[PDB]
Structure formats: structure tokens, C-alpha cells
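# Tertiary structure, described
Chain residues, written in single-letter form:
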Amino acid sequence: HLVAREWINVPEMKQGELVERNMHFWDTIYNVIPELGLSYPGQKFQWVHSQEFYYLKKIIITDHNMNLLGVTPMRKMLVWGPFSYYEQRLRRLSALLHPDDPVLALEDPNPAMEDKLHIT
Amino acid sequence: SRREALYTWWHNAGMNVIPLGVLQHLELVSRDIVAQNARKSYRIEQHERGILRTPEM
Amino acid sequence: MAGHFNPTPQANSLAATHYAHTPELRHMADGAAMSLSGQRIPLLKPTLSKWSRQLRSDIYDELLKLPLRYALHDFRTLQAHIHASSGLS
Amino acid sequence: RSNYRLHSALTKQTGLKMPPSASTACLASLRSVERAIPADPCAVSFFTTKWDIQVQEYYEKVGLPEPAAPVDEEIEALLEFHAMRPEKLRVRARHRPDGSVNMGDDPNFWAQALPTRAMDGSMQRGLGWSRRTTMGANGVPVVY
Amino acid sequence: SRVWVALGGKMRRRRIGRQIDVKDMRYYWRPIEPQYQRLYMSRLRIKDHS
Amino acid sequence: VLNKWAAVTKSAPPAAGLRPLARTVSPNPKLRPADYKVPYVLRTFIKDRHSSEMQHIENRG
Amino acid sequence: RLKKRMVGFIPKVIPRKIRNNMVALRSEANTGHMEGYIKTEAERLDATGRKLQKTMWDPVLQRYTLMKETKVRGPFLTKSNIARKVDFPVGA
Amino acid sequence: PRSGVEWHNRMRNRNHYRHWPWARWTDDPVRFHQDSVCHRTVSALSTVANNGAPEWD
Amino acid sequence: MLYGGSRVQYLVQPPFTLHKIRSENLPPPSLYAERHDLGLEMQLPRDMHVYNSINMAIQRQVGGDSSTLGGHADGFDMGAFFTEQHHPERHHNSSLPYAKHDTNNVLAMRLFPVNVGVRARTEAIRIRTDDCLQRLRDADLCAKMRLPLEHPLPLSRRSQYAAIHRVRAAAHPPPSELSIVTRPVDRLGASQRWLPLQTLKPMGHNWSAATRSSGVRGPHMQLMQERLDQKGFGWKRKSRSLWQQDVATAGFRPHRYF
Amino acid sequence: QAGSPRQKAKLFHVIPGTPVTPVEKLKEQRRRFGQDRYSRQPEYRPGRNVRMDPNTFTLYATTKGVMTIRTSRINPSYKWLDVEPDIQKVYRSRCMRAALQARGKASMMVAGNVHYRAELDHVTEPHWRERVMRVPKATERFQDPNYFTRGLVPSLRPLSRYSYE
Amino acid sequence: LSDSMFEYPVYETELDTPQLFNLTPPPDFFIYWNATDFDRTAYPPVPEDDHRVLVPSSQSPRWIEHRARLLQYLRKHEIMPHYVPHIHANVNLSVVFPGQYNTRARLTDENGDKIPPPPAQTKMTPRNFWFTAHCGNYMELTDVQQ
Amino acid sequence: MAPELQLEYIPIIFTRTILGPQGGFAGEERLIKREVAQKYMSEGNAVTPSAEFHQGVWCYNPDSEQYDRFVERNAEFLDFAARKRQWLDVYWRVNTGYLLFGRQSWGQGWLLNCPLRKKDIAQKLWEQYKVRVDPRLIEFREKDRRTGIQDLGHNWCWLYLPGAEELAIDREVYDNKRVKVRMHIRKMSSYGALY
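cryo-EM is the method the PDB entry lists for this structure, together with a resolution of 3.6 Å.

The name the PDB entry gives chain H is mL79, with Leishmania major as the organism. The title assigned to this entry in its PDB record is "The Large subunit of the Kinetoplastid mitochondrial ribosome".

Per the PDB entry, chain B is named mL79, and its organism is Leishmania major.

As C-alpha cells, then:
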């Protein structure tokens, strides 16, 4: 999954001074994925949405929105209700993972050496 | 032939005495006694046309 | 496999009271009451060893049931295995 | 409240529930509701709810312990099987725990999960010793 | 009950092209069939016969 | 298949949800069906497989 | 023993033995892995002047990576499989 | 035809077909020998209702 | 259409008709279908005793087929069976996708550093799981006793005072008993010293079952290819090179009844 | 001229009609590679809950249950191996069917009767010969693909054309 | 390809609230999830011709449909033949709950006040639809607290 | 229908009148083997039972040698093609069959020591072929009218199928009133032999 917005407030220096430039991140994705523009009536059910990055399956857009009627269930993940019947299947899977396995990968400003590109 | 018409009677008239266990049992035999009589009546109707199979068929 | 879709006979009525034939599994199986009864590693009762003298009640009945002269001590009083600080050792 | 059965209350609650008259004047006294009630309902419509915090705040208003879910049956087995050193699983004896003699050539039977015990178990099946003795502490039978 | 577990027969010679799920039956500690257990363990019994 | 008890075991095999197995005709002339005729569809080779496999569906409806 | 070359069923042809018919698809990610692969008749004959390539699960990385073909005999991680250093587009 | 040694090893309870019909009768994979008629019923008067349900034909 | 193919009216497609589902028609909520829908490390092999498990010769054609049962009675067509069964792909691979096999903890094979070699990983996903088994048992043991959770349960506390026999369901403690702190050494307020559960070394095993002279040899065994000098049985060829040998020195011995 | 090897025994490793575990080879069939060519048709094609091994054509059951052979109604040469999972479902009838027919109260026209199946089908489906003999015109075998987009036909199957009954 | 192969499941009636249980992945590629979509109580849309206002006559065409569909749902949920053996579905029961579409029990945020327990429901209405007792539907326990 | 699974035999309405066992006669419906029947529907002796043929069919007379004779299959003919089939099914069953024996024969004359009875042919008719007849019809040869069959190897004896004159059955069977049942007496030791 790739959780990213449409507009990202990226700083930049104008006349030597810092000023905010609302970056249109949407144009970042479509350059990365030229598959989304070339839309044919079967592609939203295609197996690999982008044969370059077969890893990528959904792109969770997180942009605050002010319209009353939110996005239709075609493009929103259900995040309310009892998702099961007999047992919240998290506490089952919450038994198997260990308090010493990753949950984060924070990028590294200055890396110890060429290997440590991120810290887990 | 009236498994639907029978149940609807049971629902709206029985339901306090006759346990529907009987009904779905009553429906399971009546769909067999009717079946076998079709297999017997045919077995007698070939035995004239000359097929002639023994008790063990 | 394709599952169970193309739904059930596609009939409807008030009658609708004659069928179960759960897929076998949804009949004490996928009601997973106890199938691990056969597929779970046992936790063995106390084992009498040459050194470890752990008694067991499960065997002691097969003696307490017998028609034996020279009766046996009751089980609880036969146990080496149960007020300073709630009673000392 | 938890074990309420509708019409089984015809028994003595003085021995089953221990009420006074005026309290169970409602449920199971003379002319109580169950007497007016028939066996069969008229309409049944049922919702489902999820646990929330008001349930915890209830067990305190009362003073009883809160019931909690059991550790899942299968989930506990996934671990007890996946935290075993492999050597505890390899074929480990000439006689499979049931008593057969696992020869070669069948790749399925090279896996002896339950460990065998050759010198143990002759009391069962011959002396009329009960099947109650076989079982272990968690209830599952051992094999001999 | 003493199995003389041995390793797979074909585990070093010819791998390319053999079946995908039989290139691994060579990895398990299989027992040797008892007809050989008794042959090899016969030289060990003789220590004090009778 | 390698189980847990093998003398050597392997790391994580790939979940099939990525890089799937196309169900296409075996090159073996016995394992291809009857009606199958060799596809001499002469066509300008489309490079990127996003626009390639698209031809293999019929979505005019 | 003599009899070094057997004579019963000398097989006509034989797929495994042909100038480059069995090829070690070693991984381009220089993890030293290899997956021996016999080039089918689609490449048995020189349909490919290019050295064969495939995408295969690299069991070390647990990632689908390239598999460039290479002779099956030879050390699979030589001082030639070292990649020149590069500063990634990450970091400050 | 039941020739072959393994049929000799398993008709007779020889080496490791020592309990040969590894699943004989008297096991049910499905309902584990417990009658499928609900006794946990709303009203005790109507517990006798479910008795007599057909488990197969 | 009556106009000769000049599509000019009603160009906008009318949206298709919806094919509804009758939610009442559906199967009842099934617990066994709740567990295995997700997809995890594995279930048990479906056997403690190997009977009833599954055969390795059909372990490929499974995956949701625990439920009792093609488009017809069967003939298998020898196509898409023998065309999907052994694809052109799926041969000369080494890692066939995760099918139904109770191999290592694949749930934790994903979460682990690839840095460690194999034989030192499968020995470390277990020591991870061995702890995940204790954490799970303690929660079962502590909750069933109404006790607030405690993790490295003291063996005196474990066997909960003779494994109290579970007084003979399970209940939470009241929220007065709850707190983040869970180590006994931190609960009361022994030495609070902390150490990780296991040592991960990015070292790689030096015994591969398919490599000939591989292994850990004794401190006085002949080290790998000792005296060989890079040639098959080369320590024999290097004997004539020896200055003087013993009187009983690795002479002629054609493997006869060897 | 030459020699020859001995023909191995490719026969049943269970008793048909009796219960069956999955680790049992139901039948070890001749992958009839006429002489190690790559095309064969096994005698006993797989059935319910039975899955065939691709390599050696040996049928292994997939779930523990009673086993049986279903000889095809059309041609009694082509058989399937049915494993019906419930062992109690048949045992608790056999113990009746064999307790009834002891008291002489069971009828011999049962479907499971071996010599009756020829007539049994014909009591219920009297023209089943014509339902499998009928040759389909290539029009109806490929029903109008537009009926699939308009949704009339639930899903077009163009290759499933043969009536295996 | 056809529309039948690729179509979001559209339950003809959402009484059992089946969306919350039989989850289906959002088929699209871009899945818009904000933070504010946590407040929203994603109940199903109200179905018109609400069953709660029907009357249980024995000739009412809607009722006959609603009579079996209700007994359809009970068999689905293990209730009808086992827990409540002989249901004589006669009357159009609708147990409305005093509901606020609350995401959790709380106090009024701005007002710094305990939320007044909503009064006893006086009339059936679309807002009081998904807080009734229907054929297996779901209700957040916060609402049923009254 | 598939090229693999083909109907081992198919339904057939005969137009001509074939002599052979798989044969039929004018207008009867018979399930004869597929390979045979398929070279009838080309030959014209048979036609698959379309709904039309189920009432009448233009059968064949050797008189003018063409398909002119209309044989309408009303319920009465269907009582005639039954008795005429049920008859020549006994014929083609005993005439095709070759009923075996196992007997004891101590001595030199290759003589079965307990020679055969007309009881012991109707017994091996009903045993092997289920042909139930009257053992009063079986006429033996002249060599074995005295002592019964009595000798090993191939013996035959005549079975008289009486009631074939109102079926109009001649020239479609080898002999209207007889049939040669063909014994064979495979001598066996006390292990497998009876009597």
C-alpha cells in the first residue's frame, strides 16, 4: 500500500527566503505510474495494476474533504463496525507477532554507512 | 405434490402440536413411496414388454 | 473451486423450512467445537518415575474400585502434596 | 439473569434462585408473566452489538468480574506446533505411537508428532481399565 | 524402538530437471527399512550372545 | 514439499497474489486443445505489457 | 572397470547435454543464488543471441529478481559481481 | 485383483498396516457422534420440539 | 443501425443493470471460515497422527478445498490439468508458492531480517515463537485466574500454586488492577536488569546438506580438503611427492567388498 | 531380439465401498504412457473429493470418508472414484439396508443395486440417450456474447460442451 | 469481460447489515481514507418502504414478502429452527432504540456536559431505522444503552 | 458425446430385418452396440428414434426390394415386437452362448463318469445364461439319447423353441423351431469338480 496525498506542503526557498509551495503530488504518482492514465474498462480489476511495480495494490489517498456525502464504497475502506462474527480476528493475529518485530521504518538523515538506508 | 401447501397449513394452523420434524420426515417418505411406486410400476410395465429381470434384478 | 455463489436454488416462500445439509463442515466441524481433540499434543498427567514419585488419582480409582481386602488409604490423606505468613512451609 | 429459561422456572425458585415473593412476583410467581405466556412467540427480531466501555462500567456498577474471551483453540495450537524444535517432529522410533512399524518409502509417515512410548500402556484395553485413565491433563488422549 | 534414520538417496548427483517436489524427499531423516536395521544391528548384538 | 521437520528447510515462498501464473496454452502439441490454431495474428508489437495483455480481453460491452 | 561409456539405450539426443542447454540462471542481484534451468526448445536452438533472462523468486532476498543465464560451473559471486558504489536518491 | 505384497501386509495386519482400515467405521469426521438436535431452547416447554429432525434422507 | 453504421444518436452508453445479492440466501456465519479466510503462517498439518492428513502428491491442488464438493462430473480434459498442473513455469523453480504446507512460521519468515543465514533463522523464528507461546500461555493463565497479566511468570507463580485447576470461564481483573507495567520485577516495585530474548547474528550456516565436504569438523579431523591440494583424491597423488612415508602408508586397496 | 521388464501391479490399495483416509493411494493407475510417450487416459478418472496426482495418475482422496466407484451411465468402461465424506451416513444405512433385507423387507430396485442401474436411470429420465446424443449447433454452444454483457446468461462457458453422465 | 464478473455486491435488502460482516475490498486503486471518516457511523442507506410501518395483515403483498424474508434471515442466523423452534410470525415488531448515531459513549465535547439520555422514542422514522430490532442488524452498543 | 466417452450402445429403430444378434426386425426399438448401429444409420437398416418414427416407419420387403412396407407401431404392434423380441432373445442368447462344464472323468474312454441329464443342461442354461426353459424341450443327439451326454470335449444338443409361428419369425433365425446349445465338458479333479 502507498498512503499519500494529492497536495503536499513542501518548503522551498524563494529569493533566499523560505516560502511554502503547495506541491501537486498527484503529478508525482502518474509519472511514476503511467498505467493509471491508460485506462481500459477492465483495469480496476486487473491483477497487477502496474507491471513495473507489481508490489503496489492500493494508493490510500488521505486528503481532508469538506463535501457532506463522502466517497462511495467503491473507493472507501470500511472502518467501522464489527468486522467479524465470532472473534475480532486481530486479537488472534495479535497473538502471533512478537514485541520485537518491526512496526516502523524511519528514514535516515545521515546514515552510519551505505547500508543503513532506513532504521527499523 | 403439495409440500408447499402442506407447510403453509402447518405454519398457520399446526405449529403447537405437530413438530415440524414429522413434516420434513413426512415429506421425505412421501417423496420416496411415490418414487418407488414409479420404479415398481415401471418394473411391472417392462416385464410385459419383455425385459424379465429376477427378484434380485 | 469457485465457491457457493450462483446462489442457492433461487426460490423463496413462507414455507422455506425443509433443508439443512450444511456442507458437512458447518455441522460440528466448522462449528469448531473440538477437532483439536484429535489434533492437539497431550499434556500428560503426573508420571510416576523411579525418582519422581508423583501420584495420580486417575489410577488410584482403578485400585479404589477393586474388591481388595486390606483397604487403602484415602487419596487425599495419601498425599505429600497440598501461621507465620499464611503458614510456613 | 444469565441462565434464565422462560418456562423452566416452574420449579421451586426457593431452591433454585432463592427469592422472596414480592421480587419474583414479576417473573415466576403466581399469575406471573410466564403463566400468561404461551410456548411459542409471535415475532422475533434480533440485533447484534459489539463490546464497548459501558459494559466494563456495568460490571463495576454491580461488583462482579467481567467475562472475557478464551484464548482461541486453533491459535494456541499454531504456536504449540510452531515453537517445537524440529527434532521433536522427525520420525523418532521404529513404532509409530499407535503401534505400527513405520518402514521406509512413505514420505508422509516420516513425521512423528506425538512421541511414542514403547514401555508404557499395557493396562489399557486388557484389564478393563477405564478410558478415563488414558487422557492427559488437558483432556486429549495419549496413545500407547 | 531404535530407528537408524538415514538421509535422502539422490541428494548430490543430478538435480537440474528432476521433479520439483521430489528434489526434497532427499532431505528428510527417513528410517531405513527394518530389513536393514536388523542386518547392520546384527553385528552389534554378537557382543555377548546367548 | 518441505515441512518443518526436514533436515533443511527454506525461507518464505512467494504468496501467489503477486506475479500470477497466466493460464496459457502449453507448447506441447498434445497439451493444447483441439480448436486451438497457431495464432498468426500479425500485429505491430506493443511494448509495455500494460497495453499488451489488454488485447487479450474483449471489453466492447 | 573399463566400460566407461555405456552402450545399452544410448539415447538419441538427450536434453541435459547440449552446448548450452542446461543454464544456471544466477540472480542479477548478486546474492549468489542460482536456479539451474534447461533452456527449452524455444531457446535450445539459437532463437536467443541474447543471454537468457527470467524473473524468479530469489529465495535469499525473498523477492522476485532478475535471473541472467550463466554456465552452471563456476563461482557465483566473483570480484566481478561487485556493483560500483552509488549514492541513492535518498538521504541528505 | 488383490495381489501384491502390500495387500498381503494389509489384509493380514502385517508391519505398519497393523491397524489397517486407518479410518474404519465408528468415526464420523463431520458430527463427531453427537446428535444434532438443539436442546438449548428459549422455552423449556418447547425443547421437545426439535426432536425428530432428519440428519440425512 | 438502420442508418448504415453511422453511430450518431444515443452515443452515451446506458449504464448496465445491477445484479443483486439476497443477503438472506447466504451461508450462516461460520467460525471455521472466519479463521482461515485471512491467510497466515499455517494451520497444523491436519494430523497429529499422520493419518487423515493429506498426500504430498496432491498438496498442490488445494487451498480452499477443505469444504466438501468441476463444470461437469469430471473428465479432467487433460488440459488446464497437465496444462496448469505442470505449467511451462512452475518447473525449474525452487520455491513453489505457499500452498498448504506446515513449513516454518511463514508469518514470521516475512517479518525477519534476511541478513541472517537460513539455519540460523529457522532456529530464531522458533525462539521468537517460543516466546510468543509463553506470552500466550501467561495471558491464558493470568486471565483465567482473574490476575492482571504478568509475562516472565515466576515458575513459582506459574503452575498457579499447583496450577490451581482453573478454579474448576475467564474474567478480566477490575480496572484498578490494570496497568502498563507487566514484568513482575516491575510490577511490585528483583533486579530490573533487561536483556533481549535472543541474539541475532548476521552469520551464515557453513553446512549445506547438498555440499559434499561441508560441515563443522572436529578440532583434529582433517580440515576441508586437507592434503588434497585441489584434486580429486589428490592426497593420493601427493604421496609419491612425500619425502619418506611410514612402512604402512595408504597403499593399494581396490575397493573390493569395501 | 531383446529383453523386457516385468509389468508392475497397478491395482486398488483400498477396498471400494469401505472407508478411506487421505494418505491412502485409492488406486495406482497406469499412466498409460503407451511406451513413455506423453498421452494417456486413466481408467478411473477422479471423482468427488478425490484428486488425481498428475505424475503417476494415482488417485488420493482429499477427505476421509467412505469410497466408491461410479461407473459412467453412458459407457460402463469409464469410472470415477467417489469419496463421500460422511462415514456414518452410509454405515448407519448399511446396517439398516442389511438388517431390512434380512427380514425380507428391503426392495431390490435400489439405486445402489449393481444390476439395476441400467433400468434405474430410465425410470426417471426416459430419453437420456437423446440428451447426450444430441449434437449442438455451434450457435447455441457459444451463446450470444452480448447476452453475457446484458447479463442474461450468468457466465458463458464455451469449452464445457461434453455431457459426462 | 462482462458487468456481471466485475460488480460490487449490491444486497437487494440490507436488513442484516451485511456490509459490516461480509467485507469486500474496495475494488478501485485510489482508496480515499481521511481521518474524519472515523467519526462517521457507516450504517447502510435507509431502504424505502420501511418494514417497521407495515401492518401484519395476511393479504398485504409487501407483508408476505417481509414475512418470509424475516424467516429467511432467522434460519440464516441459527435462530429459527434451534433457539426459537416454532416462530408464529404474526405481528410487525419494531423495537426502536433511542439513538444518536454516536461513535462512542462520552460527554458533550464543547458543552462540558454529560449527554442527556435521549428520550423514549415516540415515532418511527428513517433516523430511527437502523436503531430498531431487525433481522440480525448491528447497533453500536452506545446507542442501546437506553 | 465426447470422443472419449461414447455411448456403448444407442437406441435404434430397424427399417430392414437383420439376422444377426445385434440385428432386429421391422420397426422394433432396440439398443444395439454403437459401432454396429453406426453402420446401419448409414446403411439405412436403422434410424434414430425421432418422434416421427415412433408411430410408423417404412420397413422393407424382399419382394420388391425397397422401403415401401409401412409398419405402424400402435400399442398392438408393441405387444408383437415384445413377444417377438422376448422370443428371439432366448434364441440369440443360447445360440451365442457356449456353456461350460467341469466334471470328473477317471478311466480311459474320455467318458464322463456321471453323464449329463437334460436336467443338467437346463441347469447350466439357467446358471450361466439365465435362460429359463423347460428341460422337456432339450432333445439330445442320437449318440447321447441312451447314456446322456457322457463324453468330454464339445457336445451340442438341440433346444426346441416351440412358440414361433404367430410371431411370423423365419429367415431371420437359422432354424425356427430349434437351436443348438453347445456344451463343453472341461474335466477337473476333485478340487474343482462336482458330482
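Moving on, we come to helix α2 (residues 117-124) of chain J. Along α2(J), the positions that sit buried rather than exposed are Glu119(J), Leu120(J), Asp121(J) and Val123(J). Packed against the buried residues of α2(J) are α2 (20-49) of chain B together with α3 (128-133) of chain J.

For this structure, the chain pair with the highest number of contacts among 38 pairs of chains in contact is chains A and K. If you take every C-alpha in chain B and every C-alpha in chain E, the smallest gap between them is 49 Å, and the two do not touch. Note that chain D does not reach chain G: the shortest distance linking a C-alpha of one to a C-alpha of the other is 21 Å.

We now examine the nonpolar core. Nonpolar side chains in soluble globular proteins tend to be buried together. Counting residues in each nonpolar core, the largest one holds 37 residues, and the members touching the most others are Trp87(L), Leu116(L), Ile121(L), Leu159(L), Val181(L) and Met183(L). Secondary-structure elements contributing two or more residues to this core are β4 (56-61), α2 (77-96) and α3 (119-128) of chain L. With seven residues, the top contributor of residues to this core is α2(L). Setting aside chain neighbours within four positions, we find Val181(L) in contact with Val94(L), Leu99(L), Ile121(L), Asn155(L), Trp156(L), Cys157(L) and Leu159(L). Core analysis: the second largest hydrophobic core is formed by 26 residues, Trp80(A), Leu20(K), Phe21(K) and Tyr43(K) among them.

Now for the interface of chain A and chain K. Counting residues at the interface gives 35 residues for chain A, matched by 29 residues for chain K. When the buried surface of chain A facing chain K is broken down by residue, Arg75(A), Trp80(A) and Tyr85(A) rank first, second and third, together holding 22% of it. The interface formed by chain A and chain K contains two salt bridges. In this structure, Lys44(A) engages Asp28(K) in a salt bridge whose closest nitrogen and oxygen atoms are separated by 4.0 Å. Secondary-structure elements contributing two or more residues to the side of chain A that touches chain K are α1 (26-32) and β3 (59-61) of chain A. As defined by bridge partners, β3(A) adjoins strand β1 (residues 30-32) of chain K across three bridges and the pair is classed as parallel. In the sheet register, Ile61(A) faces β1(K), and the bridge partner there is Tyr32(K).

In this section: the sheet that holds strand β1 (residues 9-14) of chain L. Residue and element names in this part refer to chain L. Strand order across the open sheet formed by three strands is β2-β1-β3, with antiparallel pairing between neighbours. Edge positions in the sheet fall to β2 (29-33) and β3 (46-47), since each of these pairs with one other strand and no more. Sitting on the sheet, helix α1 (residues 34-41) touches β1, β2 and β3, and the angle it makes with β2 is about 120 degrees.

Each turn of an α-helix holds 3.6 residues, which means side chains three or four residues apart point in the same direction. If you check which residues of helix α1 (residues 3-13) of chain B are buried, you get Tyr7(B), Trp10(B) and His11(B). The buried residues of α1(B) occupy an angular sector of 100 degrees when the element is viewed end-on, so they sit on one face. As for α1(B), its buried residues are in contact with α2 of chain B together with α1 (61-76) of chain K.

This next bit is on the interface of chain H and chain B. Contact residues are listed per partner, giving six residues for chain H and six residues for chain B. Counting the surface lost from both chain H and chain B, the interface buries some 440 Å², and carbon and sulfur atoms represent 61% of this. Ranking the residues of chain H by area buried against chain B places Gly52(H), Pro54(H) and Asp57(H) at the top, with a combined share of 69%. Tallied by class, residues from the side of chain H that touches chain B come to four nonpolar, one polar and one charged.

The next subject is unusual backbone geometry. When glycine is set aside, most residues are seen to have a negative phi, and most peptide bonds are trans. With a phi angle near 65 degrees, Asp77(I) is a residue other than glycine that sits in the positive phi range. One can find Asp77(I) in the loop between α1 (31-35) and α2 (106-110).

Under the criterion given, the structure shown has 47 salt bridges over all chains. A single salt-bridge network, built from bridges that share partners, covers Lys44(A), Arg75(A) and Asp28(K).

On to a negative patch on the surface. Among the surface-exposed residues, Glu45(B), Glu48(B), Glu76(L) and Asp79(L) lie close enough to one another that they form a single negatively charged patch. Position of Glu76(L) relative to the elements: it lies in the loop between β5 (66-72) and α2. Note on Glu76(L): relative accessible area 53%, which makes it exposed.

Once that is clear, we can look at the environment of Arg103(L). Residue and element names in this part refer to chain L. Inspection of the secondary structure assignment puts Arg 103 in strand β6 (residues 102-103). For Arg 103, a relative accessible area of 5% corresponds to the buried category. Remark: the alpha-carbon pair of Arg 103 and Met 188, spanning 85 residues in sequence, is separated by 5.5 Å. With sequence-adjacent residues up to four places away left out, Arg 103 is seen in contact with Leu 112, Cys 114, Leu 116, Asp 120, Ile 185, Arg 186, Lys 187, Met 188, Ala 193 and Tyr 195.

All names here are of chain G. Spatially, the four strands line up as an open sheet ordered β2-β1-β4-β3, and their pairing is antiparallel. The strands lining the two open edges of the sheet, one partner per strand, are β2 (34-38) and β3 (53-58). Each neighbouring strand pair of the sheet contributes to a mean axis angle of 40 degrees, computed without reference to strand direction. Where strand β1 (residues 22-27) and β2 come together, five bridges link them in antiparallel fashion. The residue of β2 that forms the bridge with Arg 26 is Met 34.

This next bit is on the packing of α2(B) against α2(J). Relative orientation of the contacting elements α2(B) and α2(J) amounts to 110 degrees, with a least axis distance of 10 Å. Put simply, α2(B) runs roughly perpendicular to α2(J). Relative to α2(J), α2(B) is oriented so that their crossing is right-handed. On the side of α2(B), the interface is formed by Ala38(B), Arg39(B), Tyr42(B) and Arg43(B), while α2(J) contributes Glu119(J), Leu120(J), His122(J) and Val123(J). Here the residues of the contact of α2(B) with α2(J) sort into four nonpolar, one polar and three charged.

For the rest of this paragraph, the subject is a nonpolar patch on the surface. Nonpolar side chains collect at one region of the surface, where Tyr4(D), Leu6(D), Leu27(D), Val33(D), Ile37(D), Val42(H) and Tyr83(K) lie side by side and expose about 530 Å² of accessible area between them. Turning to its location among the elements, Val42(H) is positioned in the segment after α1 (5-11). Taking the relative accessible area as the measure of exposure, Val42(H) reaches 33% and is therefore partly exposed.

The subject of this paragraph is the pairing of β3(G). Residues and elements named next belong to chain G. With six bridges connecting them, β3 and strand β4 (residues 63-68) associate as antiparallel partners. Counterpart to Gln 53 in the pairing with β4 is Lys 68. Following β3, the chain reverses through four residues before pairing antiparallel with β4; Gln 62 in that reversal takes a positive phi of roughly 55 degrees.

Now for the state of the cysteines. The full count for this structure, using the stated rule, is zero disulfides over all chains. In this structure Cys42(D) is a free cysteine whose sulfur lies 16 Å from that of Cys135(K), the closest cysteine sulfur available. Lacking any disulfide linkage, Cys157(L) is separated from the closest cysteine sulfur, that of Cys114(L), by 17 Å. Exposure remark for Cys157(L): the relative accessible area of 0% places this residue in the buried category.

Where helix α2 (residues 89-96) of chain A meets helix α4 (residues 73-82) of chain D, the axes come as close as 10 Å, and the angle between the chain directions of the two elements is 15 degrees. Our classification of the angle between α2(A) and α4(D) gives roughly parallel. Pair α2(A) / α4(D) crosses with right-handed handedness. Where α2(A) approaches α4(D), its residues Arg92(A), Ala95(A) and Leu96(A) are matched on the opposing element by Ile75(D), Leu78(D) and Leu79(D). Residues belonging to the contact of α2(A) with α4(D) are distributed by class as follows: five nonpolar, no polar and one charged.

About the thresholds
- Residues numbered from 1 in each chain as written, not as in the entry; some residues may be left out.
- Chains lettered and ligands numbered in written order.
- Part of a larger assembly, values for the part shown.
- Heavy atoms only, no water.
- Buried < 20%, exposed > 50% of the residue type's maximum accessible area, 1.4 Å probe, protein only.
- Helix = DSSP H or I, 4+ residues; strand = E, 2+ residues; numbered from the N terminus.
- Contact = heavy atoms within 4.5 Å.
- Core = buried A, V, L, I, M, F, W, Y, C linked by side-chain atoms within 4.5 Å.
- Buried area = accessible area lost by both parts, 1.4 Å probe.
- Salt bridge = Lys/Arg side-chain N within 4 Å of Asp/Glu carboxyl O.
- Pairing = 2+ DSSP bridges.
- Axes fitted to C-alpha atoms, helices over the stretch in contact; angles between N-to-C directions.
- Arc of directions from axis to C-beta.
- Nonpolar A, V, L, I, M, F, W, Y, C, P; charged D, E, K, R; others polar.
- Patch = residues over 30% accessible without salt bridge, like charges linked within 9 Å, V, L, I, M, F, W, Y side chains within 5 Å.
- Areas by Shrake-Rupley, 256 points an atom, 1.4 Å probe, with all protein chains shown as cover.
- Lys, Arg positive; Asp, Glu negative; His and termini not counted.
- Charge placed at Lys NZ, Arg CZ, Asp CG, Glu CD.
- Parallel < 35°, antiparallel > 145°, perpendicular 65-115°, else oblique.
- Left-handed = near helix turned anticlockwise from the far one by under 90°.
- Disulfide = S-S within 2.5 Å.

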